[PDB]
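S.K.: Need coordinates for the following:
(2 chains)
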Amino acid sequence: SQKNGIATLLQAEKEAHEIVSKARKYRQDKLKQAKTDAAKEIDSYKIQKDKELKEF
Amino acid sequence: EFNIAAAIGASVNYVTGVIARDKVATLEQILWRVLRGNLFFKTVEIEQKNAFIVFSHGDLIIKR
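M.R.: Numbering: from 1, shown residues only, chains lettered A, B, ... in the order given. Pasting the structure now:
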């Protein structure tokens, strides 16, 4: 069992690295999702300010 | 041997090493087991003299 047990830890290290790569990818996408979910309040506030200025 | 699938990558923690014999590798396994617990692999391979050793650990414990 010298060369047989190395493949189980070798696949588990690749899956554990792929899970950390997927978590880092979701953590990298969370900032763009936060900014894309954050520009809508600036747009809705700019439209309300433009409506409040155009009304006066 | 133990092309290349997990010997040139970075997703698998592999540790190679040359030794004189298995008697000198037994003291390295006793020192690694006394200073690091049961978090390693103890293997020995006969070479042409030299001894083929291979260790297995995590990918983030390569510095230790």
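
S.K.: drop to CA atoms for contacts and neighbour counts, all remaining ones
M.R.: OK.

S.K.: For residue B:52, what is the enclosing helix or strand?
M.R.: Mapping residue B:52 onto the secondary structure by DSSP states H and E places it in strand B:51-56.

S.K.: Restricting to C-alpha, output that strand in PDB.
M.R.: The C-alpha coordinates for strand B:51-56 follow below in PDB (Å, rounded to 0.1, in the frame of the first residue of the first chain):
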ATOM      1  CA  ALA B  51      17.000   5.500  -0.400                       C
ATOM      2  CA  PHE B  52      13.800   6.900  -2.000                       C
ATOM      3  CA  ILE B  53      11.600   8.700   0.600                       C
ATOM      4  CA  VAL B  54       8.300  10.400   0.100                       C
ATOM      5  CA  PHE B  55       6.200  12.400   2.500                       C
ATOM      6  CA  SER B  56       2.600  13.600   2.300                       C
END
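
S.K.: Indicate each strand paired with it and its parallel or antiparallel sense.
M.R.: strand B:14-19 (antiparallel), strand B:45-46 (antiparallel) (DSSP bridges).

S.K.: Quick check: residue B:22 touching residue B:49?
M.R.: No - using Cα atoms under 8 Å, residue B:22 is not in contact with residue B:49; the gap is 11.3 Å.

S.K.: tell me which parts of chain A are close to chain B?
M.R.: Residues of chain A found near chain B (Cα under 8 Å from any Cα of the partner chain) are A:2-3, A:6, A:10, A:13-14, A:17.

S.K.: picking up where we left off before, out of residue B:22 and residue B:49, which sits in the more crowded spot?
M.R.: A count of neighbours by other Cα atoms under 10 Å in any protein chain shown puts residue B:22 above the other of residue B:22 and residue B:49, at 18 against 8.
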